[PDB]
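Here the structure is laid out as structure tokens; the discussion comes afterwards.
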Amino acid sequence: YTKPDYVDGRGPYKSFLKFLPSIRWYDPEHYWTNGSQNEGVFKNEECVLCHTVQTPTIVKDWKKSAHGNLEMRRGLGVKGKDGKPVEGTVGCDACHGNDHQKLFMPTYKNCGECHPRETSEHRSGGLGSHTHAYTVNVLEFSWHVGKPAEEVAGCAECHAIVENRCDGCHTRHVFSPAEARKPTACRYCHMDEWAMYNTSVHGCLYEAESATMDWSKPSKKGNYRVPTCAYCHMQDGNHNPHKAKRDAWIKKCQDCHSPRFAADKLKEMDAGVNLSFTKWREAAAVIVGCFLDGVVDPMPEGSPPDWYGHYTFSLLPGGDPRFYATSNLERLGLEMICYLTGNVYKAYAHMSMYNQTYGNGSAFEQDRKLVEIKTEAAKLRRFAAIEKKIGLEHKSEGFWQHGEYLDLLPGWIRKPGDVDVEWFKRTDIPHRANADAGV
Amino acid sequence: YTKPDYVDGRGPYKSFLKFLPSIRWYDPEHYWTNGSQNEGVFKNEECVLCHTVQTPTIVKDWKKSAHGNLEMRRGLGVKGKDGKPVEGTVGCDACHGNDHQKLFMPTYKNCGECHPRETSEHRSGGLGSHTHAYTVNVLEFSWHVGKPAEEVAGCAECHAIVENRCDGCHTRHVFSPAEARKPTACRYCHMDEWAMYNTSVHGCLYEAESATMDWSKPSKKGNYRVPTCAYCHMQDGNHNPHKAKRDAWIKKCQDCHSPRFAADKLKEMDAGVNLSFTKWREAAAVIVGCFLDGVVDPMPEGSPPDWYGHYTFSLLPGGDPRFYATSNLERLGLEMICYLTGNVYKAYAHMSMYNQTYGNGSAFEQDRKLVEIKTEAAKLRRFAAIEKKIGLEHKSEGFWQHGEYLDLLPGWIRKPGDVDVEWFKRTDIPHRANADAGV
Amino acid sequence: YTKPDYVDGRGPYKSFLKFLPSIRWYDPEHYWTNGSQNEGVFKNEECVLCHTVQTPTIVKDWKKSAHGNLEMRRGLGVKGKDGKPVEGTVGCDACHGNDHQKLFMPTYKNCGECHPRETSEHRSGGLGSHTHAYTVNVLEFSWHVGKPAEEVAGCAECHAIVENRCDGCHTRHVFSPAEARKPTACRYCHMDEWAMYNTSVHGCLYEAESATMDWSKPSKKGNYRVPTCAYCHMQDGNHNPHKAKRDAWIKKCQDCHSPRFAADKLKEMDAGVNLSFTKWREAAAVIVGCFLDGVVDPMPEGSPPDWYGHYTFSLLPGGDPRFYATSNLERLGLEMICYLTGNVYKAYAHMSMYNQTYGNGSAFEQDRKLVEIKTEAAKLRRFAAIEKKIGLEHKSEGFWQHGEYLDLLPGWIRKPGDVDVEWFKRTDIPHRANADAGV
Ligand code: HEC
Ligand code: HEC
Ligand code: HEC
Ligand code: HEC
Ligand code: HEC
Ligand code: HEC
Ligand code: HEC
Ligand code: HEC
Ligand code: HEC
Ligand code: HEC
Ligand code: HEC
Ligand code: HEC
Ligand code: HEC
Ligand code: HEC
């Protein structure tokens, strides 16, 4: 194994966090440098008919877009950068630049010149939304910072497409709202939301009607028979995704349904999640219970240190819950709470009858995982008992602590004074709760 | 944890079986009560243009239906309730009623007034079909009655849509046969039938042609190139799904294929299932073999009592085969026979080449599960051996028997004389074979 | 259990290898015999209008094909068998024959009369391609020969459709290139390539546009916005799927993308696979490490003999890596290298962001499997330690070695001098590296 080329990180853990050079297409404001052979300052017309030979699809798309094709316009009345409206064609130079040796890759800031509302709404969201997916939910996230860059390359890419740039639900060089309204524009990131929507009758009607139904109309009351990702969350074309919030859902459901039917189905979600929590309470008592007696193989000391730089239990306040570089009991615990408990919430919400019970990450799988946890707990307790009686001092195996991949973990290189807590002190952005956060 | 609002059960175990209030939309004959704020007796025209503002999609659908749009009719010659035919529009009041304080939710009985044939054929099916999915395969089913209502909410809902009401394969307010013919109208319930159909070339041709092919024609000989769920099982529009039954399939396959090709492929199914049974015979001998020696942790007594109310082995006559609240050896056993052995049958039948071998619930996974069972058996036998020699009396752990979810199980509250066996004594409906059935 | 009817094998292990009679539709050159009731020599016109009643779909397809419908032709200038071009209709007798008692089932040889280029390109491929999928990757393959015929029926069928006959990507009786261009024509065999393509944005755009986009155009530069299976691998309609090979991909990607973007994404693939290998190096050291100490339950001698006929370790040169009829430690090892390590390569290549990390057969699952391997290793080492101290001689269990399915394995009947090494000596076809290969 040889270490690939790395560029320096950007988050609060930037002292040791690294990125692959490909990050330039994902954080253009921060990592973009010129790398074009071609030179010269060109007019838009020169850009198009030179790229028709070189990169034909972009041009073909651009001609299928409102930016490039004036006939394909609805007279929105867009006013870009200056007050004056845009009547001419929005070309390649408008988005990328005129000089080839000074090309810039566009973000939400570049789009914000022409489209203020869609950008303002995009920046209005808080923690967990599209607004803070890269800045917070990548740079401060445990599994991303706790792993080498090439492993979590897709993690940085996926979370950054929706935050930084605008071509998430919009193809790239067509920017069609009809394409954006489709569930396909959402599921390549949301994958276990897609499985719930697919196994529900809402998703089934999509596949049945998508070829026939009119996609040109905006996601508004009456306009659509089949609900999509964009219809439910991006209400009336809004670019931002407990009685006040519940009645808001019932009113949206009242587009096609009775409010009584809407209320009953959302009450099913409450009752379904409540019973799934009791399954977790059983598991948590078992796993933590094994830690009290110290029968867990291996113990946190016998394992490699976590990304914080401590030898702490994963499923315990302070420690980092993980699936990697930990004991099997801790792995099966994290598997239940993160994946399975979260997916049951998604199953009841998206009205998936199968995934509520029999499906992937379901209540029946929660029962299966509960057995897996209990059997693991039974195994460790039987071993310890036998060892105690015969008079054997068992020590955790060497392969738990050290390995070719395990040595590459950043947990070994964590030293006091490497955290930039001034990043955490920021008021403009929300923050993830971490042990070494400072604040 | 707090217990949600429950309404009383209906099956033979109605003494302890409960349901969520949402069951009213699924068993309207039995659980529907009025819950509308709005009052007054209205004409159909008043119903439509008041609901256009409130619930627009229903109205838009109703106008896209033959019931609401007379232009969209094929002159079937429907004769509803009375002998006289229906020439006028079938409105909202025809299905739901005139008074808002006295609204009724329609079943197969309400549809049976106008459509006698489709209802008669629907009621003609026996055990395991759509006919007895809720009455028998929910109220008498082990995993449904053996679990709290909010967990198995979707179980009651899914099985009841196809039995009680008619909007299973038919959207709801469009009732399009073209939509019903599509596999999407079937797979939201049938999910592992869908995976087999999808990974087969039959399902692949569906996705390739669905946008282009004519869906308006009935499922008859010649009419379709690509076979669907509705084409194979609902032959010639029949609303009801060994040489006599085999030749019946070959003749149906002869619509597109050679009978020799049809016979060879169905012979593959016979040979494929035969070899999958020998894998089960190996597993069964191992799991039951561990019960003879009493090495299973935990033993039925160490586990919580089953839904019947006994401390019996799961994979043994009398006992209830389950994945929950049992030992790992018993869980892996049930996983193989119910899911994997059943799915192999589905894989060979639906001509899925991948799912016959490499797929989910396949022959190769049966091999994987066989190892999982054998390793579990090896673990228990090695433990017992060591314990015996050193002189240790091992008792099953406490977390097996008792837990927050485990205490909520109905197995603890089973008392003699709670079974309504007069339900089981019925001649009009088939019955599931249970231990405490009485007959 | 009773053994189904078997026909003799054909590969180098033909002494014990068997096939189901259904192989006649898959190896027609080798296994096809007449089995038709109907007799007589007929003209093409007699074939069509007799099969319109009997097998209507074939006829309807044939009329929708260029072979049967002259109007549906692009004037290719096909010249069949003789030099003279084909102007008349290519009928049923042209493909199958005139006499019913002397019908032949077509291969690539039968198609090669009319279409020389598409056949020549089909035969140009080497090991691992469509060219040698049945002859080499079935008859010489370990899991196929090491299992009874009815279990690996689909294995023979799937691998033979693409090699022997031509109706793989082409329906059967339509032979539409538009249908062949679609990913659906590929994924029924390629299933974990499909999951990677589906979860990527390339596959998402397919489902979004397939109903609208023009499929009639050939897979060429500019012609398509959305890349498919056929677009990427079958470049410019070529019927054959490190700087020289890398730049070839970048140029193909340059159809829609910047070469810098193309280079960066393929560099991500290199770095992603490199880190996945270190996870394997950890696993391999652990599993083989357990074999040195002899703590593996069961040991190769305690297991049934492999398909070669030896009692060797699976994950060791000479031995056969398998998931069946082996220890759990060996199973989990094979699961990682074959499925998971191979799927990570597929995930990075097909630009799937989800399947790079969280998906099925991913880097995060590699971490999960690494724990599973380590826990299994920990279990075996703890057992052996306890046994040694107390003075117990542990022997592997009987159910590992013998069973109803295990007895049916060909490993028991392997005798010296059963291998046809003259098959392996062939120069016209590449060969799989086996222990008993001879050369
Ligand atoms: C900055 C990053 C963004 C800009 C600028 C725009 N978008 Fe979007 N977008 C999305 C959807 C689903 C729609 C269709 C809404 C509907 O149902 O009607 C749109 C639409 C637009 C429009 C058209 C609005 C109009 O009134 O004409 C514009 C001008 C537009 N978008 C610009 C989806 C998404 C999305 C989800 C993943 C993101 C991140 C963005 N859009 C971001 C931007
Ligand atoms: C009571 C519960 C039901 C009534 C009343 C009807 N159906 Fe269905 N249905 C289904 C399919 C797949 C079709 C299309 C059949 C074809 O291929 O041609 C239909 C069609 C009908 C029709 C039209 C028949 C005609 O000759 O015009 C009527 C009037 C009709 N259905 C009424 C599917 C299903 C289904 C599967 C899930 C169920 C449960 C029902 N239908 C139930 C009813
Ligand atoms: C022998 C086994 C084969 C013959 C003879 C032909 N094919 Fe194919 N084929 C495939 C695709 C994806 C296409 C479309 C290519 C495109 O994008 O334009 C085709 C096309 C043809 C054509 C038309 C070529 C023309 O210039 O008109 C012919 C005559 C043809 N094929 C004959 C895919 C495949 C495939 C993949 C699974 C296989 C095995 C074959 N084709 C095999 C044959
Ligand atoms: C013909 C001589 C061209 C003209 C005029 C313009 N572009 Fe170009 N561009 C051209 C080629 C052959 C390439 C690929 C090789 C390379 O230099 O990278 C490109 C590349 C781009 C890129 C990607 C550059 C990168 O950093 O990866 C962009 C963003 C781009 N081109 C845009 C662009 C614009 C906006 C132009 C008009 C002013 C323009 N190009 C002119 C060929 C030619
Ligand atoms: C990939 C680039 C995405 C696309 C396209 C869409 N979404 Fe997304 N979404 C994505 C990420 C990485 C995140 C952040 C996850 C986190 O919690 O850190 C989100 C967030 C959401 C949310 C908010 C979830 C919450 O805070 O509770 C919603 C409601 C949501 N996404 C829905 C959604 C819809 C409807 C989309 C289609 C238009 C969509 N997303 C696109 C990744 C991506
Ligand atoms: C793109 C295909 C993804 C990859 C790669 C990863 N993430 Fe993601 N993220 C994705 C979605 C759309 C969602 C679901 C959001 C929802 O509302 O449930 C998420 C979810 C996770 C969460 C976990 C939970 C929570 O605590 O909020 C976070 C914040 C997050 N994602 C982190 C993250 C990182 C950086 C990844 C690599 C280690 C990981 N994601 C993969 C899909 C995208
Ligand atoms: C306007 C005043 C209305 C007229 C006239 C009719 N309906 Fe209605 N309906 C209306 C509203 C605002 C609501 C939702 C609030 C509520 O009372 O539940 C409804 C609801 C229904 C329902 C669902 C009732 C339930 O139990 O959940 C049904 C089945 C229904 N409406 C049907 C219906 C019919 C058949 C009518 C004609 C006689 C009719 N409604 C008239 C508003 C109005
Ligand atoms: C959900 C509401 C369903 C829809 C829509 C369809 N089916 Fe179904 N089917 C469903 C259930 C709950 C059951 C009973 C399961 C049991 O065994 O208890 C069935 C049953 C069948 C059967 C009979 C199986 C047997 O007895 O061997 C068949 C053949 C079947 N279903 C096929 C089928 C088809 C082709 C459908 C589309 C028109 C369809 N079902 C719709 C649930 C649901
Ligand atoms: C709707 C999405 C479903 C949910 C929820 C559950 N069931 Fe179901 N059932 C479904 C289908 C369509 C099938 C397959 C039928 C086939 O022919 O194989 C079934 C299968 C099960 C069976 C198991 C086997 C047999 O013994 O017949 C039964 C009878 C049954 N279903 C019971 C049942 C209950 C009540 C559920 C919750 C505990 C369970 N189902 C979930 C899909 C639908
Ligand atoms: C009517 C009398 C027919 C004429 C004339 C032809 N075929 Fe036929 N064919 C017919 C039937 C009723 C059947 C099914 C019963 C059977 O004999 O198998 C067939 C079958 C075929 C088959 C499949 C045979 C097999 O081995 O499975 C083929 C390949 C076939 N038919 C082709 C064919 C051709 C090319 C003809 C023209 C010369 C022809 N058939 C004439 C009925 C009749
Ligand atoms: C089923 C009949 C298949 C269809 C249809 C397609 N492919 Fe395939 N492919 C199939 C097999 C059985 C194999 C051999 C697997 C082996 O390694 O033994 C292949 C091989 C390929 C390859 C070569 C892989 C390699 O050697 O590295 C490629 C690139 C490939 N297949 C792609 C591919 C595409 C793009 C297809 C659509 C046109 C396609 N295949 C069809 C099985 C089948
Ligand atoms: C059709 C649905 C399949 C079945 C059944 C099996 N095989 Fe296959 N094969 C399939 C594909 C398209 C691929 C992927 C090719 C790629 O490039 O990755 C394969 C892969 C395997 C390989 C494994 C790896 C390698 O060493 O090349 C081989 C050679 C192979 N296939 C063997 C084989 C046999 C005979 C099967 C039964 C035991 C098995 N395949 C199932 C899909 C098709
Ligand atoms: C109907 C309206 C829909 C549809 C068609 C989809 N979703 Fe959602 N979704 C919906 C609800 C009512 C909820 C629950 C919200 C609540 O009451 O708490 C959700 C939930 C989600 C979530 C989880 C976010 C959270 O924690 O609150 C996500 C990420 C999400 N939905 C995304 C999503 C996607 C991608 C969809 C398309 C496939 C989709 N949803 C469909 C309502 C509806
Ligand atoms: C874009 C171009 C695509 C698309 C749309 C698909 N694939 Fe591929 N594929 C592509 C690349 C660049 C690679 C890696 C090749 C390399 O550099 O080594 C692959 C890889 C495969 C493989 C593995 C073959 C190998 O070992 O090299 C297979 C079997 C394969 N692809 C098939 C495949 C199928 C069936 C697709 C449709 C769903 C598909 N690909 C999409 C490039 C691209």
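Name every residue in the range A:241-259 that is of a type outside the set (A, V, I, L, M, F, W, C) and within 19 Å of A:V201 (Cβ to Cβ), in order of residue number. Passing the criteria: A:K252, A:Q254, A:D255, A:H257, A:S258. Only one entry in C:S22, C:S65, C:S36 is under 30 Å from C:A437 (Cα atoms) and small (G, A, S), namely C:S22. Selection of the range C:189-208 for residues being in a loop (DSSP other than H, G, I, E, B) and either away from every other protein chain (no Cβ under 11 Å) or within 16 Å of ligand 5 (Cβ to nearest atom) (or both) yields only C:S200. When residues in the range C:229-244 are screened for being assigned to a loop (DSSP other than H, G, I, E, B) and more than 26 Å from C:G112 (Cα to Cα), 1 of them pass. Checking the condition facing another protein chain (nearest Cβ under 10 Å) and part of a helix (DSSP H, G or I), which residue from B:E422, B:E404, B:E387 passes? B:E387 is the lone residue from the list that is facing another protein chain (nearest Cβ under 10 Å) and part of a helix (DSSP H, G or I).
Determine if the range C:149-171 includes at least one residue that is more than 16 Å from ligand 12 (Cβ to nearest atom) and away from chain B (no Cβ under 14 Å). Looking for residues that are more than 16 Å from ligand 12 (Cβ to nearest atom) and away from chain B (no Cβ under 14 Å), one finds at least one in the range C:149-171, hence yes. When the range B:163-188 is examined, which residues are found to be more than 23 Å from B:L139 (Cβ to Cβ) and either within 16 Å of ligand 13 (Cβ to nearest atom) or in a helix (DSSP H, G or I) (or both)? Matches in the range B:163-188: B:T171, B:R172, B:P177, B:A178, B:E179, B:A180, B:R181, B:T184, B:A185, B:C186, B:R187. Just one of the numbered conditions (1) of a type in the set (A, V, I, L, M); (2) within 14 Å of chain A (Cβ to nearest Cβ); (3) in a helix (DSSP H, G or I) is not true of B:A211: (3).
If the condition is being crowded, with 17+ Cβ neighbours inside 10 Å and more than 16 Å from ligand 11 (Cβ to nearest atom), then the range C:186-220 contributes C:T199, C:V201, C:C204, C:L205, C:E207, C:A208, C:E209.
Scanning the range A:1-22 for residues that are more than 9 Å from chain C (Cβ to nearest Cβ) and of a type outside the set (D, E, K, R) yields A:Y6, A:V7, A:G9, A:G11, A:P12, A:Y13, A:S15, A:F16, A:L17, A:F19.
Of all residues in the range A:359-371, exactly one satisfies the criterion of being more than 7 Å from every other protein chain (Cβ to nearest Cβ) and surrounded by fewer than 20 Cβ atoms within 10 Å (Cβ to Cβ), namely A:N360. Being under 24 Å from the mean Cα position of the chain (by Cα) and not polar (S, T, N, Q) is true of B:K425. Summed over the range C:316-371, residues that are assigned to a loop (DSSP other than H, G, I, E, B) and within 18 Å of C:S200 (Cα to Cα) total 13.
Would it be correct to say that A:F399 is farther than 29 Å from A:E140 by Cβ, assigned to a helix (DSSP H, G or I), aromatic (F, W, Y) and within 9 Å of chain B (Cβ to nearest Cβ)? No: the conditions fail for A:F399. Return the residue satisfying two criteria in turn: it lies in the range B:45-85 and is touching a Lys or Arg at 6+ places or on another chain (Cβ under 7 Å) and part of a loop (DSSP other than H, G, I, E, B), and of such residues it is nearest to ligand 11 (Cβ to nearest atom). For the range B:45-85, the residue satisfying everything is B:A66.
Summed over the range B:214-239, residues that are facing another protein chain (nearest Cβ under 8 Å) and over 21 Å from C:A185 (Cβ atoms) total 2. Residue-level check: of (1) more than 30 Å from B:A378 (Cα to Cα); (2) over 24 Å from the mean Cα position of the chain (by Cα); (3) in a loop (DSSP other than H, G, I, E, B), B:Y311 misses just (1). Here the condition is being of a type outside the set (S, T, Y) and more than 14 Å from chain A (Cβ to nearest Cβ); of C:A263, C:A325, C:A271, it holds for C:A325 alone.
Out of A:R117, A:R165, A:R181, one residue alone is charged (D, E, K, R), within 24 Å of A:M72 (Cα to Cα) and within 16 Å of ligand 4 (Cβ to nearest atom). It is A:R165. Within the range C:273-308, being outside any helix (DSSP H, G or I) and within 25 Å of the chain's Cα centre (by Cα) holds for C:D306, C:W307, C:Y308. No other residue among C:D270, C:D264 is over 27 Å from the mean Cα position of the chain (by Cα), assigned to a helix (DSSP H, G or I), in the same structural domain as C:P317 (by TED's automatic domain parsing) and away from ligand 9 (no atom under 16 Å from the Cβ) apart from C:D264.
Looking across the range A:182-227 at every residue that is of a type outside the set (A, V, I, L, M, F, W, C) and in contact with a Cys (Cβ under 6 Å, 6 or more places away or on another chain), the one that is nearest to B:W62 (Cα to Cα) is identified as A:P183. Scanning the range B:222-259 for residues that are among the small types (G, A, S) and under 24 Å from C:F175 (Cβ atoms) yields B:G222, B:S258.
What is reported rests on the model, the rules as stated and the sources as named; these are not laboratory values. Neighbour counts run over all protein chains shown; Cβ positions are idealised from the backbone, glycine included.
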